[PDB]
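*Asks:* Sequence, then structure. It's an experimental one.
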Amino acid sequence: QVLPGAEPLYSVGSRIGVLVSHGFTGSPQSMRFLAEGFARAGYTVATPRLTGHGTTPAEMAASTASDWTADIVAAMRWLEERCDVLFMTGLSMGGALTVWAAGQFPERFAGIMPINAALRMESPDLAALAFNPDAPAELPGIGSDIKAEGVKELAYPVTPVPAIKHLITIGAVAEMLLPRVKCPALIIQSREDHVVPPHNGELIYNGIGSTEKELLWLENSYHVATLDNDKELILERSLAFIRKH
Amino acid sequence: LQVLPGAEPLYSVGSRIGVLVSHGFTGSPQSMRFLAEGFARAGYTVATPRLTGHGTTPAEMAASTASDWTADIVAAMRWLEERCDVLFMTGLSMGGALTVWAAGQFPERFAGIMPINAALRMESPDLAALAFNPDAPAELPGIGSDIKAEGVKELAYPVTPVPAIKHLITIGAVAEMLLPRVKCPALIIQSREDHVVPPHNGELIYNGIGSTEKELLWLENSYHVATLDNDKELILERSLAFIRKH
Ligand SMILES: [Cl-]
Ligand SMILES: [Cl-]
C-alpha cells in the first residue's frame, strides 16, 4: 500500500527526458513541484518511488542500496524507451544517486542537477548506528528542515536504523566516482542546511571531471529546497540548464 | 564448505590481556599468522578470525556482506571478553578499517589499536564503478601479494568477486566517519609505498582520531602486505612493545 500523496510521477512529452529522485525516508512528494514544472515545459519526466519509501518504515528497514541503484537504472530504462537525451536531478541521497548515475554511465546524461547531494554526512553518531549490534530499530525523523513557514514534507516520522548503512554507502560510492562524471553539472546547495553539510556542494564542484560546471548557492532555503522559498528558482535555473545542454 | 589449507583461523588462550587480529578483503588469516603467533608466544590470548566467505571460495565471498564481517569482529570481541580483561585490536587493510570501526563503535572497550595499511579510502573510480554496476563481470583479477620481498606468497583469492566490492567501500566509509570517536591509544602503521591502498590513509587516521596518544609509523621497506614483507619483524616488535606499554 502506497501512502496517499507519495505516488511516483511518469509523464510523457518530448524526446528530452528528466529523471527526478527523492532522498532517504522521503518520497516523490518532496520532488512533485519540480517534476510537474518539467512536464509542463513539455519534457518526459520519471520521478520514481524508491523501494521501501512511501509505504512503511518496516519496509524501508528491509531495503538496500542495491534496491535504490536498481530503481534509478529501471527509471533510466523507462526514459531511454521514450527519449534520446536524459538529464537527472535529485535531492539529498537522490542528489548522491544523481552523481552516482553520471559517474557510473559517463556517456549517458546530457547534464545533472544534484541538490543538497548527501555524499558525506560527516556525522559520528550516524556512523555509530550503521552496524551497532545494540541499537534501537528506529530513531526520530529527518523530515521537514524547511525555512518557509507552514510547509510540510511527506517523509517517514522515524528513521529505520538498518537502512542507515545504505545511505552512507551510496554517498561513498558517489564521492569516489566524482572524477568519472564528465557531463555539464548544475550543483545546487543550500548555504545553510541542518541535515547535509553545505560543504558537499564544494566537494562535488571541486571533484568532478566536468569542464562545464556551476555551483549555485541557495540563500532562502534549508535542506528540503525543492519545497522551500527557492523552489521556483531551482525549477527556472534547471529549465534553462536543460534548454542549453 | 571446506576451508582451504593454510586459511584456518588462529585462537590461542593465554593471559588476561587479549589481541583481536583481523585479515582483509579477499585475504585470509594466513597473511596475519606471523603476527598472531608472535602475540601468542608472548603469552597473550589471541583471536585471529576467518571472515565470512573468506578462505573457502570466491562464490561464497560474493554472497558475504559488511553486516557479516562486522558481526565476525563482534563475535571475536565476545570470545576475547570471556577470557580477558583488556583488549587490543590490529588488522591489515579492510581488517585495519575494521580495527578503526570497532574502536569508534565501542569507544571504551579497547586499551589500544594498531591499524596496518587500513583501507578507509580506496580512492579508485574504477573500483567504485564496479560497486553497483548492472553490467559488471562476476569476477575480476585478484588484489593479492603486493609485497616488496622477492618470492613471498600470500594466501588470498586469485580473483576479486565483484558483488563483495560495495561492502569493502561501506566499511571504509563507516570507519572514516567514526574517527572523532576513537579515543584509545593508537599505533598507525602505514607503508610508505603501497600499490593497493593509498598511503595517505595513515595521515587521514592520525589527523582524524580523538586519541591523545598516537603514533604514525611509516614502513620504508614494504609494500601493501606488510605483515608478510621485509618490515614484518619491526611491526611485531613495535606492536608487542605498544601492548606492554598500554
Ligand atoms: Cl537523504
Ligand atoms: Cl582489503
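*Replies:* Nice, thanks for sending it over. Residues are numbered from 1 along each chain as shown, chains lettered A, B, ... in the order given. Ligands and ions are numbered 1, 2, ... in the order given.
*Asks:* residue contacts, the residue positioned nearest the centre of chain A?
*Replies:* The centre of chain A sits closest to residue A:94, judged by Cα atoms, centre = their mean, with a distance of 1.8 Å. By Cβ atoms under 8 Å, 6 or more residues apart in numbering or on different chains, the contact set of residue A:94 is A:20-23, A:26, A:31, A:115. (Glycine included, C-beta is placed from N, CA and C.)
*Asks:* how about it, secondary structure?
*Replies:* Secondary structure, DSSP: H, G, I helix; E, B strand; the rest coil: residue A:94 is helix.
*Asks:* what do you get for residue A:205?
*Replies:* helix.
*Asks:* Which other helices and strands does the regular element (helix or strand) spanning residue A:10 contact?
*Replies:* Assessed by DSSP states H and E, residue A:10 sits inside strand A:9-11. On a contact count with 3 or more Cβ pairs under 8 Å, 6 or more residues apart in numbering or on different chains; DSSP states H and E, strand A:9-11 meets helix A:32-40, strand A:44-47.
*Asks:* Contacts made by the longest one with the rest, please.
*Replies:* The set of residues that contact helix A:32-40 without belonging to it, under Cβ under 8 Å, 6+ apart, is A:9, A:11, A:13, A:18, A:20, A:28, A:45, A:47, A:89, A:226-227, A:231, A:234-235, A:238-239, A:242.
*Asks:* Report the contact partners of the closest residue to residue A:67 other than its chain neighbours.
*Replies:* Spatial nearest neighbour of residue A:67, excluding adjacent residues (Cβ to Cβ, 6 or more residues apart in numbering or on different chains): residue A:51 at 3.8 Å. Applying Cβ under 8 Å, 6+ apart, we find residue A:51 in contact with A:59, A:63, A:67-68, A:70-71.
*Asks:* Which is the succeeding secondary structure element to the longest helix anywhere in chain A?
*Replies:* Longest helix of chain A, by residue count under DSSP state H: helix A:65-82. Following helix A:65-82 in sequence order, the next helix or strand is strand A:85-91 (DSSP H and E).
*Asks:* hmm, that following strand touching chain B?
*Replies:* No: Strand A:85-91 is not in contact with chain B by Cβ under 8 Å from any Cβ of the partner chain; minimum separation 15.0 Å.
*Asks:* coming back round to it: relative to the strand holding residue A:10, what are the paired strands and their orientations?
*Replies:* Applying DSSP bridges, strand A:9-11 is found paired with strand A:44-47 (antiparallel).
*Asks:* Show me what counts as buried in the partner strand.
*Replies:* A:44-47 (16 or more other Cβ atoms under 10 Å in any protein chain shown).
*Asks:* Stretch A:157-171 too?
*Replies:* Those would be A:158-171, for stretch A:157-171 by 16+ other Cβ under 10 Å.
*Asks:* rewinding a little: and whichever helix or strand comes after the strand holding residue A:10, anywhere near ligand 1?
*Replies:* Downstream of strand A:9-11, the first helix or strand assigned by DSSP H and E is strand A:16-21. No: Strand A:16-21 does not reach ligand 1 (Cβ under 5 Å from the ion); its nearest approach is 10.0 Å.
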